[PDB]
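In structure tokens, one chain follows: the form deposited in one PDB entry.
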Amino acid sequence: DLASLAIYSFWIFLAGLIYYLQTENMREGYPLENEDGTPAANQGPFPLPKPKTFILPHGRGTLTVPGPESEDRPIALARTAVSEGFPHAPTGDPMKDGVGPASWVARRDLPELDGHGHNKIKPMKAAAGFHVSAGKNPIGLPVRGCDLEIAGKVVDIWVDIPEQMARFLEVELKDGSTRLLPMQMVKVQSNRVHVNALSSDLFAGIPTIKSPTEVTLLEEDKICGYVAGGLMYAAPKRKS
């Protein structure tokens, strides 16, 4: 019967599809590890796929995955139990150490480029023809942490040029230096910007950028990591 053939065949196909799909999704993070970072004994029944290479634009090279995995950074954590499966306690200050929900990845310390090879994210002051078009302009608002104190003031928006969207607020601190705050982690209010994730005393510890008119992917990850980490680790100084 032709329909029985068609459906029997379909299942075989779908089984192969799921296999393919699952192996394609092991191109990062595998082989699996023990908690000391050595290779685990039980890797699962799906083998790692044959590698593929992405050619990256703008002379930035290639990425071949799967490949040798490696954190390329220290991880300030220690076991809290004598067996597998328990949490790992920060050995210092987790916000400073970039562990836990304050974690960052050792991405390239270069900026994301656009299609023309220009920096993707620029402060609006340096972004020809870019201006706030709708909504409350943050620039000039005082910035408030979850301790209900003022940590600083908004001095610019950092904008994605090709996608024409706001990505960070640049905030000047009491000492005159600035930091970036992810736009996704701030509430622009009529008369302030409020930052739930961080108490005012924690703003100085936001990682800083090495050149004041661009950010690197490494720098983004540290900044975004740090600020998200506050949800867990600033909670004592939070009053919500």
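Between two forms, the rigid core is defined as the largest C-alpha subset superposing within 1.5 Å. So that there is no doubt, residue numbering starts at 1 and follows the sequence shown.
Separately, the form deposited in another entry exists; it is not shown, and the next lines address it.
- 26 is the only residue from 65, 188, 26, 206 whose Cα shifts by 2 Å or more between the shown form and the other one, the rigid core being superposed.
- With the core held fixed, the Cα of residue 37 is displaced between the shown form and the other one by 2 Å or more.
- An increase of at least 3 Å in the separation of the C-alpha atoms of residue 102 and residue 35 is found in the other form, compared with the displayed form.
- Cα-Cα spacing of residue 31 to residue 101 is reduced in the other form versus the present form (difference of at least 3 Å).
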